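Shown next are two forms of a single protein chain, provided one at a time as structure tokens under the names structure 1 and structure 2.
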Structure 1
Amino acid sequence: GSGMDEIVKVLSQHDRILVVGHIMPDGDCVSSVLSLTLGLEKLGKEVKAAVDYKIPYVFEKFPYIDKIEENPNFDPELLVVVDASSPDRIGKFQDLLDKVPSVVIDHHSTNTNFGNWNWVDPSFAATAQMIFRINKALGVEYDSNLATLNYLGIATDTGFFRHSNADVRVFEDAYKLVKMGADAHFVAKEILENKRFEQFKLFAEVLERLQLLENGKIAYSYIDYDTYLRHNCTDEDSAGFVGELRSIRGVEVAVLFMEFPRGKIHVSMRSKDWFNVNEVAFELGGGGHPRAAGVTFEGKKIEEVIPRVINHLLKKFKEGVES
């Protein structure tokens, strides 16, 4: 629909701007929201940042993290929606879409182009890369704090330069930002080395319960609610567990069953090279992306949800192995 130049001109034409990110905010969301907000503020615009969700604790030390609001009181001329592929993903702020002109900036190919202006380019690994280019086009001078905030999303959305999307442009952007003072160590420490001690004792139980299925192609484990309690943990402590189980040699699908609170079992699935876990997840009542999906069961017994999910996963997997 629109290109960066059109977005830059729209941003220049408006002064009271609300920058909105997607719910359940990750590094790229926080990075893209704050990097654009601060850039626009440096231009003298009246800007507020909003995400309809609690900002996770791992961001607590980041400069200007306080600028992201859950309940802003603001009368914007322009809504800028970043890193969100559809209106439901910005929560209660979608109710502004028919009241305020909107810009969309996103790297998700599934983006519905729900804005009055839409710059969507999936060749970027992170929306933060697109914000970096917008700020440059606007003449934003980066300091170390803004460089760190813009580096954040490029790091997290590439798995810290490990995913298949970490191409030359990603590494060029990272080099440029570190040269401007981005604190790569700070970012990694706060995002990746911020685990409660109790999470490690919980993870030990996960690993003791770990089992492989179907020629070591499927790995699964489970956390019952009483095991969370025993280690003084919640589902906040176990978020990164399923991705670790995917790193087993030969495993194509990792599955983790997580009962928290009691009776509520969330099932996370991650795949590696080819298996579309979103299809299995959707058929079980959930959904997601081809390599990362999930499904929630409410008011059920974990010992009954595990067979239910594994039986269907195994059927779909063998069907996929065949043709």
Structure 2
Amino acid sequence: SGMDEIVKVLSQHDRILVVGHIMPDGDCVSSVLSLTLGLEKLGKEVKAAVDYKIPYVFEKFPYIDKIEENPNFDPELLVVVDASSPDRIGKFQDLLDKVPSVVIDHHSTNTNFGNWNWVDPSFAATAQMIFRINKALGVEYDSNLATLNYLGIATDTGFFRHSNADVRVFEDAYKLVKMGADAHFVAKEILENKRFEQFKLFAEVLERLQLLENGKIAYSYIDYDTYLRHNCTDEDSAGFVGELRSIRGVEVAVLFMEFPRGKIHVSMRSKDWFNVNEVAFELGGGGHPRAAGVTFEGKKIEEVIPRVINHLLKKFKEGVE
């Protein structure tokens, strides 16, 4: 239930599979690799897996190839990081009824689906929890491990810009940089790694932009054919919803993205007060008060936009009251 019990369970087991969530982000990659590498330094037999393509922005990160898509492994323990429910880990959820499982996560809506669960939403990033676990295990950090652990703290705080960038976040980043974390390398690879094609794709996003409530709600969409027409992928749209929120006067931005055909992810970002986690949660997704998402499969975009935006607008009007 707490960190101490997790540390004991990790110490008790040797053959460990560490799994992150599908559609992985920086915190998923950071948490998976930092924990995997920490456990390996203890002499454990460990593999790492995510049931999803690892985005190209991570390709130069040290040990990125340790994260597998199709591991061949007979683990004694499954460790699930940064994933709020079983569906979030893809095909590895079939191991949950077969292999003892640890959950380490910072989502308030975590269903506590492990045999042991350490869930604390006061952390901005699961990577902060892995940091503390590794230290409690006696893991010695080198600069590569510091860099990998810094990654998740940076990405989940929007590089120290989001409402979750509190004193403990800054303290953790300070400690990791002191230990050799390459903060410039992480920013360059995540933020300064844009294919030029992303600009034309985003212009198409701007052209489709709809505004509601005196400009406080902004939403747009990318259909799958538009991805292909622009030689782009959902890896190319990753920062777009944040760019929509950066428009003056916008309080909540919503981006609907169809990739691949028939799979529609909708990203929600809010600025000052509106809880998008409650909207996403009620729609079957989840996240955090200022950043949340839900994924639909087998539905048509003309049907997804009304359902999401109508529910969003309902809650948004209730919030203004």
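All residue numbers here refer to structure 1's sequence, counted from 1. Under this definition, the rigid core comprises the largest set of C-alpha atoms superposing within 1.5 Å between the forms.
Positional change of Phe260 between structures 1 and 2 reaches 2 Å or more at the C-alpha, relative to the superposed core. Once you line up the core between structures 1 and 2, the Cα of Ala292 ends up 2 Å or more from where it was. Note on conformational change between structures 1 and 2: the chain splits into two rigid parts whose relative rotation, smaller against larger from C-alpha fits, is 22 degrees. Once the two forms are overlaid on the core, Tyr220 shows a Cα shift of 5.1 Å between structures 1 and 2.
Once the core is aligned between structures 1 and 2, the alpha carbon position of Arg196 differs by 1.0 Å; this is the C-alpha shift at that site.
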